[PDB]
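Notes follow the structure.
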Amino acid sequence: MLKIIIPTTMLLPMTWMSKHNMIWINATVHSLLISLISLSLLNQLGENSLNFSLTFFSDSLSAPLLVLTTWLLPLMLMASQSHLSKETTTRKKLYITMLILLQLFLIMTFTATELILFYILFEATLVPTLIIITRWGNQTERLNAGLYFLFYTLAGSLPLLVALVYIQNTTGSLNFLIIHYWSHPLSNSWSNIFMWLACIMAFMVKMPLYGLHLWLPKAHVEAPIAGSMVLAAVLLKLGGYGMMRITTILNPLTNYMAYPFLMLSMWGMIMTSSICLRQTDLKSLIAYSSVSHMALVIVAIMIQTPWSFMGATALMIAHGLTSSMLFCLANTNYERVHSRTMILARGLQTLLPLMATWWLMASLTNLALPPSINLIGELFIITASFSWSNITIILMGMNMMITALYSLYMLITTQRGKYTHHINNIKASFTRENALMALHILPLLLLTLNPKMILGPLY
Amino acid sequence: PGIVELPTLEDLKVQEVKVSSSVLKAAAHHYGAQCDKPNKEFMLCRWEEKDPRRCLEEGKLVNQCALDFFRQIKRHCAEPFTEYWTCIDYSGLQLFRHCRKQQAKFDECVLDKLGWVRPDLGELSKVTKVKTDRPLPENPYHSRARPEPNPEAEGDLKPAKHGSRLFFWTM
Ligand SMILES: CCCCCCCCCCCCCCCCCC(=O)O[C@@H](COC(=O)CCCCCCCCCCCCCCC)COP(=O)(O)OC[C@H](O)CO
């Protein structure tokens, strides 16, 4: 890494000492350039994980996330640079500082070789995000939302810290390699039961799982757009990366204990998508949509079968690029109308023709048509879940049927209808918005040709 | 914890001196300078043996040697001795500065009839090389064995293997 981490860190003094107005220019230049460099890690060898140093290593699961995060960094810059152009230079510089720092932690977290090093930076992502949602938020509930997001993540992470150091004292080193090659049978016992619960709850809260998820509708909606992406597009998957790594030692206790989590995710995903069927805030619509997709990842991890892990990463990457897109979409309207109510701005295809097209493919990707990467992920989990139990196809498909109704629902309510009479401030979409949307959907459809890169560490 | 065996009542019958303090202190210096041979090694026994029971043999000798000194005065200028020690008691401090004239009378008598000279100032307060026959005790405190000290740390320092070894930190 050093070859990505150092350029990422070096963006921090660059943006601070950059020219007065060239901050957005230069930061966008090299963040795209750094993403190009991170494309180098998309290659993985036969079976051994790509190892660079003792503290840093990559595999066929971290690298597809690493490129996603570094590719995201330009996107938050352009999306947020609309409203941020109306404050002090230091304030705008402080934001770009914070996204650069937030991305820096994500790159170092995903390639962490020691589980303790993983946990330190995994929880360290809270500080850049927490200040983003609170300081630069555009509502009043953000103050309560930031507390909800911070406390939920921390309340689960702290048992992990106690559990993690326990492995250090008992088993020895916690390197992701030495853990794998020295896996021992975690026998069923009450102490092992809470050992299992502690090492799992921390990542479950950040998924989020059905019930430990009320921070998401508050955090995501109130957060600024530069944040509203990352809290949905990368760091939810950060909890995912934690699960797929920590479950190396939690066998065979996982199958005996997974039942409450499976039923909560498998049944709650129907309820969560049912919220999306009747919602009032467009941001909340996508937010609860993310919960349903992540809930499908939650069940996917726990069968611990080759197909499930592949469909886990496939949906995990695809949803992040998708859910990031919809937040850009809701941002554009929210700037023009200065409200988030769905029915307020009905009719956009009449006034904005291409915005409807971008909305069409955006709502289509969430609809997960074949061969879109969303479908290639959900379909894999359905087959893996069906092999686990034949009944689950009733629940698994029900969401697939239900997710069609709401995913096309904002398409009908916002785009396909009579334009609202009283609104008169809609402007022709800036070429920044359309260019940003292309930056989201073009890699997604391009990724369809070669799913092997994102298929996970079991291809 | 065991037996506290101590000498019987048989050996505790010495010819105890029947004099009082004034007559004891009236002579004092002459007695100290003429009966030092049984005093020194008995007191040395008291310090070296650290136990009263083991020095009973020397304990009786000093008392016995006192009698030989005491009755030697009786065959001699004991009448000046009586006038002396019967003048010392009258003072509450038993101090010699108020009985100098009788100090002379006792001294002049004992100077020629016996020859016991007056010990000069500081002469009694003197560490002496008393000859003795008993060997020194191997452990006067009867000390038991001593715990073996922990093995000594040694060996040239070597760099800490793989550095700090604390979590993921290296070097
Ligand atoms: C906010 C509430 C909690 C949210 C959910 C958190 C996750 C649920 C589980 C909670 C416990 C997490 C703490 C786990 C510590 C490390 C676990 C581990 O490695 O297993 C040990 C087992 O861990 C424990 O024994 C402790 C965890 C069990 C629960 C009791 C303490 C936690 C609950 C109370 C505090 C947290 C709740 C909030 C209070 C305000 C094994 O050691 P042993 O018991 O075998 O020790 C050797 C020998 O047999 C005797 O020691």
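Ligands are numbered from 1 in the order shown, chains are lettered A, B, ... in the order of the structure tokens, and residues start at 1 in each chain.
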
For this session: Could you give me, as a ChimeraX atom specification, each residue of chain B that DSSP assigns to alpha helix (DSSP H) when run on this structure's backbone?
Result: /B:21-27,29-34,36-48,56-74,78-88,100-113

Which residues are near residue A:276? Cut-off 10 Å, only C-alpha atoms, ignore same chain within fewer than 5 positions. Put them as a compact mmCIF listing (two decimals) with C-alpha atoms, in the first residue's frame.
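This is the output file out_22.txt:
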```txt
# COMPACT_ATOMS: atom_id res chain seq x y z
CA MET A 271 -40.72 -5.10 7.00
CA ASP A 281 -38.75 11.71 2.68
CA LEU A 282 -36.85 10.72 -0.45
CA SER A 284 -35.43 8.15 4.06
CA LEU A 285 -36.79 6.10 1.15
CA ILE A 286 -33.28 5.23 -0.02
CA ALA A 287 -32.06 4.92 3.57
CA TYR A 288 -34.54 2.17 4.45
CA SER A 289 -33.78 0.67 1.03
CA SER A 292 -33.10 -4.11 3.20
CA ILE A 402 -41.65 -5.95 -2.79
CA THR A 403 -38.45 -4.13 -3.77
CA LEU A 405 -42.84 -1.64 -5.98
CA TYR A 406 -40.94 0.96 -3.98
CA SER A 407 -37.90 1.14 -6.28
CA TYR A 409 -42.38 4.20 -6.63
CA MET A 410 -40.27 7.35 -6.46
```

Exercise. What do you get as a ChimeraX atom specification if you pick all residues at most 9 Å from ligand 1, counting only C-alpha atoms and all ligand atoms?
Worked result: /A:152,155-167,189-202

Exercise. Which neighbours of residue B:72 fall inside 10 Å, counting only C-alpha atoms, when residues of the same chain fewer than 6 positions from it are skipped, and could you give them as a list in words?
Worked result: residues 66, 78 and 114 of chain B

Selection: 12 Å around residue A:398, only C-alpha atoms, excl. self and same-chain fewer than 3 positions, as a CSV table (one decimal) with N, CA, C and O atoms, in the first residue's frame:
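Okay, this is what ended up in around_37.csv:
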```
chain,number,residue,atom,x,y,z
A,266,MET,N,-33.9,-11.9,7.8
A,266,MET,CA,-34.7,-12.5,6.8
A,266,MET,C,-36.1,-12.1,6.9
A,266,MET,O,-36.8,-11.9,5.8
A,267,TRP,N,-36.7,-11.9,8.1
A,267,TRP,CA,-38.0,-11.4,8.2
A,267,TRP,C,-38.1,-9.9,8.3
A,267,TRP,O,-39.1,-9.3,7.8
A,268,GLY,N,-37.1,-9.2,8.8
A,268,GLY,CA,-37.1,-7.8,8.9
A,268,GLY,C,-36.9,-7.1,7.6
A,268,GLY,O,-37.4,-6.0,7.4
A,269,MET,N,-36.2,-7.8,6.7
A,269,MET,CA,-36.0,-7.2,5.4
A,269,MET,C,-37.3,-7.0,4.6
A,269,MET,O,-37.4,-6.1,3.8
A,270,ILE,N,-38.3,-7.8,4.9
A,270,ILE,CA,-39.6,-7.6,4.3
A,270,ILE,C,-40.3,-6.4,5.0
A,270,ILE,O,-40.9,-5.5,4.3
A,271,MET,N,-40.1,-6.2,6.3
A,271,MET,CA,-40.7,-5.1,7.0
A,271,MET,C,-40.0,-3.8,6.6
A,271,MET,O,-40.7,-2.8,6.4
A,273,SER,N,-38.4,-3.0,3.8
A,273,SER,CA,-38.9,-2.6,2.5
A,273,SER,C,-40.3,-2.2,2.5
A,273,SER,O,-40.8,-1.4,1.6
A,274,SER,N,-41.1,-2.7,3.4
A,274,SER,CA,-42.5,-2.2,3.6
A,274,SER,C,-42.5,-0.8,4.0
A,274,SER,O,-43.5,-0.1,3.7
A,292,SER,N,-32.6,-2.9,3.8
A,292,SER,CA,-33.1,-4.1,3.2
A,292,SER,C,-32.0,-4.8,2.5
A,292,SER,O,-31.8,-6.1,2.6
A,382,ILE,N,-29.7,-15.9,-3.0
A,382,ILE,CA,-31.0,-16.7,-3.1
A,382,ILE,C,-30.7,-18.2,-3.3
A,382,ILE,O,-31.3,-19.1,-2.6
A,391,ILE,N,-37.5,-23.1,2.4
A,391,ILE,CA,-38.6,-22.2,2.7
A,391,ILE,C,-38.2,-20.8,2.5
A,391,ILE,O,-39.0,-19.9,2.2
A,392,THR,N,-36.9,-20.4,2.7
A,392,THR,CA,-36.4,-19.1,2.6
A,392,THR,C,-36.7,-18.4,1.3
A,392,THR,O,-36.7,-17.1,1.3
A,393,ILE,N,-36.9,-19.1,0.2
A,393,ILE,CA,-37.2,-18.5,-1.0
A,393,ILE,C,-38.5,-17.8,-1.0
A,393,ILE,O,-38.8,-16.8,-1.8
A,394,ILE,N,-39.4,-18.2,-0.1
A,394,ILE,CA,-40.7,-17.4,0.1
A,394,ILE,C,-40.3,-16.0,0.6
A,394,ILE,O,-40.8,-15.0,0.2
A,395,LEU,N,-39.4,-15.9,1.6
A,395,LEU,CA,-39.0,-14.6,2.2
A,395,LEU,C,-38.0,-13.9,1.2
A,395,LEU,O,-38.2,-12.7,1.0
A,401,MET,N,-40.0,-9.2,-4.9
A,401,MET,CA,-41.2,-8.7,-5.4
A,401,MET,C,-41.5,-7.3,-4.8
A,401,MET,O,-41.9,-6.4,-5.5
A,402,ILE,N,-41.3,-7.2,-3.5
A,402,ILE,CA,-41.6,-5.9,-2.8
A,402,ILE,C,-40.7,-4.8,-3.2
A,402,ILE,O,-41.1,-3.7,-3.4
A,403,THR,N,-39.4,-5.2,-3.4
A,403,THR,CA,-38.5,-4.1,-3.8
A,403,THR,C,-38.8,-3.5,-5.1
A,403,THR,O,-38.3,-2.4,-5.4
A,404,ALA,N,-39.5,-4.2,-6.0
A,404,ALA,CA,-39.9,-3.7,-7.3
A,404,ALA,C,-40.9,-2.5,-7.1
A,404,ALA,O,-40.8,-1.5,-7.8
A,405,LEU,N,-41.8,-2.6,-6.1
A,405,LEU,CA,-42.8,-1.6,-6.0
A,405,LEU,C,-42.3,-0.3,-5.5
A,405,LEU,O,-42.6,0.7,-6.1
```

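Between residue B:57 and the residues B:29, B:7, B:71, B:85, the shortest atom-to-atom distance, using only C-alpha atoms, involves B:7.
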
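Among the candidate residues A:435, A:27, A:312, A:112, the one lying nearest to chain B is A:112, with distances computed using only C-alpha atoms.
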
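Note that the spacing between atom CA of residue B:39 and atom CA of residue B:65 amounts to 9.1 Å.
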
Counting only C-alpha atoms, a student should be able to say which residues of chain A come within 8 Å of chain B; what is the right answer, written as a PDB file with C-alpha atoms, in the first residue's frame?
```pdb
ATOM      1  CA  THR A  55       0.919  -4.301   8.853  1.00  0.00           C
ATOM      2  CA  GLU A 114      -3.723  -7.200  12.425  1.00  0.00           C
ATOM      3  CA  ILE A 116      -6.467  -4.881  16.497  1.00  0.00           C
ATOM      4  CA  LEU A 117      -5.183  -2.499  13.823  1.00  0.00           C
ATOM      5  CA  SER A 173      -1.267 -13.120  17.521  1.00  0.00           C
TER       6      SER A 173
END
```

Exercise. Within 12 Å of residue B:111, counting only C-alpha atoms, which residues qualify if same-chain residues fewer than 6 places away don't, as a VMD selection string?
Worked result: chain B and resid 30 73 76 to 77 103 to 105 117 to 119
